[PDB]
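Per-chain residue numbering starts at 1, and chain names A, B, C, D and E are given in the order in which the chains are listed.
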Amino acid sequence: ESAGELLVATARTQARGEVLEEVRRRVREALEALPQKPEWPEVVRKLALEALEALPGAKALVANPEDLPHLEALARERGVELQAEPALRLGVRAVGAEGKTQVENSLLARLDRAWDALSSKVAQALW
Amino acid sequence: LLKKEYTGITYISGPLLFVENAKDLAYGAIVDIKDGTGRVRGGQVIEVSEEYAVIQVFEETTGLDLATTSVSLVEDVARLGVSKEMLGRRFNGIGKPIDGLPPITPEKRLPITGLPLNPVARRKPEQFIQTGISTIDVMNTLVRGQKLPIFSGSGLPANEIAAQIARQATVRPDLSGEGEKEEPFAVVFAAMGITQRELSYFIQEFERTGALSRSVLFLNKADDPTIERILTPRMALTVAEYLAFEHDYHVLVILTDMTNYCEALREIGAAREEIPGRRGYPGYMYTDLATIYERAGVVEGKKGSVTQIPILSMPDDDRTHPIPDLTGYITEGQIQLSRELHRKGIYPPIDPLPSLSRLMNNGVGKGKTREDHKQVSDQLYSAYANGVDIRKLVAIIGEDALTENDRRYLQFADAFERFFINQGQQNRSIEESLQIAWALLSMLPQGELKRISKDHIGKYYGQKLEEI
Amino acid sequence: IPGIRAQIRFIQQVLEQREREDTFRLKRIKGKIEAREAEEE
Amino acid sequence: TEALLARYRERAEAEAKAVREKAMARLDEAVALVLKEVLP
Amino acid sequence: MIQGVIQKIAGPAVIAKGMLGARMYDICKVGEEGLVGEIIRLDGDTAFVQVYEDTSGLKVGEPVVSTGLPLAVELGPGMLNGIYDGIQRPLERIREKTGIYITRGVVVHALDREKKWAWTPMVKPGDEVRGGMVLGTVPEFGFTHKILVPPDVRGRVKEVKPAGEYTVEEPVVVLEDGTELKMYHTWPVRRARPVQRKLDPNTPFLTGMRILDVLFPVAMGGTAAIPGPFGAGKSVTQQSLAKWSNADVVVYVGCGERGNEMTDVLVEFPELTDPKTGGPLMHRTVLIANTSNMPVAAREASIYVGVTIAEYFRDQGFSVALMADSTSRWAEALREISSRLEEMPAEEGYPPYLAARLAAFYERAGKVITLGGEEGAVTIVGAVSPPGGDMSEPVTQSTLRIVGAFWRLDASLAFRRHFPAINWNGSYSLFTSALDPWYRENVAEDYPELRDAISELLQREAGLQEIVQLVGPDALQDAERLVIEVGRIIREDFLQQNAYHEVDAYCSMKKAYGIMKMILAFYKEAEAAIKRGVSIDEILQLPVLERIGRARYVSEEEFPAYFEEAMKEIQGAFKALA
């Protein structure tokens, strides 16, 4: 006779899961819509300057073809070589001095790495 | 946070691989291994140096190569991620949900290895737990904060006893006389090396009586990766101690089979070529088991508690086997099953003569239970031992030499094994068990109950047979 | 009979332990001779 | 006595509807918070 | 100081490079958190350091610094009533600084620097001092703590602080060469403290347990080993010794054992009373706790710290009892460290030098004349935990070659709830002959003969029990049946002892002597009655047997009159039977 409470709890949990999935879809759309906004050229600059300093020494920098026009200047300023990659999207990648180590700074990876930490915060604030 | 990829893989063989240019990898860190096909595996750093770092792969190394494989860092310390909503959920050995419901939202992330408890911070266990079994509640009483394993064999029904204890566990706050509110009670149930049949049995048993509503299940199957069997008790204990020491829960932890854990530990240790022990088990097995068992206890200034009931199977019923032997050196007693009682059809087949509870003397008495518990337990043990001695004597020189007292003890032993131990599936209370114990104590002469004081005799020496 | 059986299994366990120790020593010495002949270069 | 579960089913549906309607009005603030936390 | 960086991390072992100039067995601080370690191997410009703490999360390249000094303990006022970890850190301070969990990297002084002590000088300016000489006294929980010159210090006194209150850091005495003597000094735990001379043990170590104090005695300054399987009662016996023995100071080392057993002492001892002096029992005890889940390498440090503290308290002129909860755990740590070094094992994986370590540890016990010219003693009782109860295990066999007493525990007795459960047929003692004059002077003139008679009766019972098991009691004559019944009475009414009963937990020597005399008197009278044709079944029904069985529960105050009444009843019962 107490299975009704179990059904209520399961329904609440599934509703919360669906809400979080909707939030994830909205965040994905907002992140993938970045290339159409004026903050985007500064965001890629920030990512490039962070990537080139995470590695103590960078042999070359790999950038998306649409992103390199906004970062060629500090590509020459830092003194590292510039390399293009059509496959790289929503960020830039750096290559270490010895060629063994590379660091990636794409926004999708950042979302994947940070959503499991901020899910509790967004749930607490939303509800 | 950025992502770092290490591609300098220089050597792969067995479960190990070497990364040469990875000085930044801390010792014991958890890493992700990704191959050319995009599949991701897990690993742990077991040794780090300037030349290379050695990573132990959680799964098999099939499909890896030195050209396309890359290694990335996940975290420096293995964190679980816990929440108070885990009650009623069902997870695998690595913590992923397997019940179909969506994943939880972590209130906190805690290291799964834990930290040792400061002895100055501990306090003496003081309160008992009603398991619903007379042989345990009366003679081998379990105390909140104790480690008390169950020793079983091959065909003995350990799983049924574990499920029954999980279903019937209660705290009985009324007997404390303090009148405080009933404290929250929860069960953390960790299963290692379980087949599909036993998995279905446990799921049905938990869902039959609604005990799942106050339980957290960690289920590791026999076909799962070996490393998952190692981490399951640590996940269970992390959840248990989080609940106990941050929400004042009284948590009962049950580990279904430590023999499978020991086999997994032996395999993993032998993969790394450590110095073998007595029967191939690693030499550090005592420390490894201690780091699991020692996490139970009670803390001064806190209301919660953690209780552990490990279950293990003695190989060939040899109590001197390394697994039960090392388990005994850590815990505070043992409950031992008997094959003779199993042949007689007795359930649960707990043999009270070789069983013991070290913390029992502090968990029972006036205010904790009825005031005659200790004396009746002692008298029951003495009388049953006398009856067993009479049985052993009869089977050699014949029954005809028996004195009236000897045959009285002989029949008392049979009545004991038929009524006190053979309870079936009943959820006996402590008062019911004490009433039954007094009922068959009255089977003996009043002057023969030497251990019991005169004041409890007459008050409880009712000279009545069992009403069941 | 049970005492004799227990003695037999105890002796078997001791012998197996000694054999395992000998195998470990053999592996150690093979590893070290390989290491010598390699690192001597 | 077999018709008990229907009322709990409809109550669970009502509770889920209440939770989702509470969530709908505030999704944008949470999305803005996520974008603020992720973006450099 | 020598300063290097981490080259390799593997378990509890760390290899540092750039450490050219570091010395063997010096203390090093590893990593950014400064974890304590010790050098055990030097090779090239590298050093091999075993870390006494958790090494998880360390990275290659972190700094390593060498302190230039070996592992040492601080010896001075403030050790009694305290509890310490493996490397002598106060656990109460660690709790009040870091909560309920023991975290690594905590630095705190062993002796409190804020407490002030009532200093009373005893030396005058211009006096010639030497190692071990008494400079002054300090009250310590009712003890008179003596401030000792460090063993390797010589000079002439130039200045003495007057009476007053000072901290342990105060330079109370200054020599003419500029050396300042404080209330405390440091000593390497791996060096035995020197003594003038070692004496022969001729006084008993009264444990308060009948079987050990009578059948297998140990003398002051002696050594005993108590091996046994799990559940046999090593911990209960050791706690009973720590609660009832006549030692001045008790040092308890929890080497790798459970934490609840260490919590029990802290909870209970402050409420019990010292048998030798008023005041709580905890003022007598120093605890060294390193539980099972604490770092493995700290067990050896625990053992050495405990033995060094025992040596210091001996040097002050006391008689100290040292209990080691399990040396098998220390052997396990040695095996693990040897495995990290890739050494060749001897057998069962233990390093070949295990026996030397055990002998060096056990040889620190003994009754000595201190450097200050007064008597002191250290008695060591060390428990062993053989795997599966196998007595051929290397640790047990190595221990049995150096100890003077062997208290073997039996699992068969323990599984029948027969405690203390010493196997009286497998045990032995080598101090029994040297203690006879003391027994004659202090207990009774004929005590050794009574003890020999009891042992002979036990031997005869043992030699009859197999015949009983083979043919059955019914075919035996009255004489051997009486022997069997007397052996049963001895086993169940003299050897048995409840460590939790209020009265039966402790037993004086005179009480055991009285019980033995009662048993022998009853045996003599029953033998005479049997020779007079009286049925043994009639003898078994005599009511005086209950008086004999109930004797051990009688309090010490009431025992002398109870003994006379029982002897009169014993003689009268067979006198009336005729």
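Assume contacts are C-beta pairs under 8 Å (C-beta built on N, C-alpha and C of every residue); 3 or more make two chains touch, one makes a residue touch a chain.
**Student:** Could you name the chain whose CA centroid falls nearest to the centroid of all protein CA atoms?
**Tutor:** That would be chain B.
**Student:** Is the number of contacting C-beta pairs greater for B-E or for B-C?
**Tutor:** B-E
**Student:** Centre to centre, by mean C-alpha position, how many angstrom separate chain A and chain C?
**Tutor:** 54
**Student:** Taking each chain's centre as its mean C-alpha position, how far apart are chain B and chain D in Å?
**Tutor:** Whole-Å distance between the two chain centres: 39.
**Student:** I'd like the Å distance between the centres of chain A and chain D, where a centre is the mean of that chain's Cα atoms.
**Tutor:** 27
**Student:** Rounded to the nearest whole Å, what is the centre-to-centre distance of chain A and chain B, using the mean of the C-alpha atoms as each centre?
**Tutor:** A distance of 44 Å separates the two centres.
**Student:** Could you say which residues in chain A touch two or more other chains, in rising order?
**Tutor:** 3, 5, 10, 14, 16, 50, 110, 114
**Student:** For chain E, write out the residues touching at least two other chains, lowest number first.
**Tutor:** 345, 348, in rising order.
**Student:** Which residue numbers or ranges of chain D touch two or more of the other chains?
**Tutor:** In chain D, no residue touches at least two other chains, as defined above.
**Student:** Per the contact definition, I'd like the list of chain B residues that touch chain A in the complex.
**Tutor:** 1-8, 20-22, 81, 85, 88, 101-103, 105-107, 210, 213
**Student:** If we count contacts the way the header does, which residues on chain A are in touch with chain B in the complex?
**Tutor:** Against chain B, chain A makes touches at 2-3, 5-6, 9-10, 13-14, 16-17, 20, 50-51, 54, 96, 98, 100-105, 109-110, 113-114, 116, 119-120, 123.
**Student:** Okay, in this complex, where on chain B does chain E touch?
**Tutor:** By the definition above, chain B touches chain E via 23-28, 46-50, 76-77, 113, 115-125, 274-278, 283-284, 286-287, 290-291, 293-295, 297, 299, 320-322, 325-326, 328-330, 332-334, 353-354, 356, 359, 361, 381, 385, 396-397, 401.
**Student:** Under the touch definition given earlier, write down the residues of chain E that touch chain B in their complex.
**Tutor:** 7-10, 55-61, 83, 91-92, 94-95, 99-103, 229-231, 258-260, 262-264, 266-267, 289, 291-294, 296, 329, 332, 335-336, 339, 345, 348-349, 385, 387-390, 415-417, 472, 474, 500
**Student:** What does chain C use to touch chain B in their complex?
**Tutor:** Residues 13, 16-17, 20-21, 24, 27 of chain C touch chain B in their complex.
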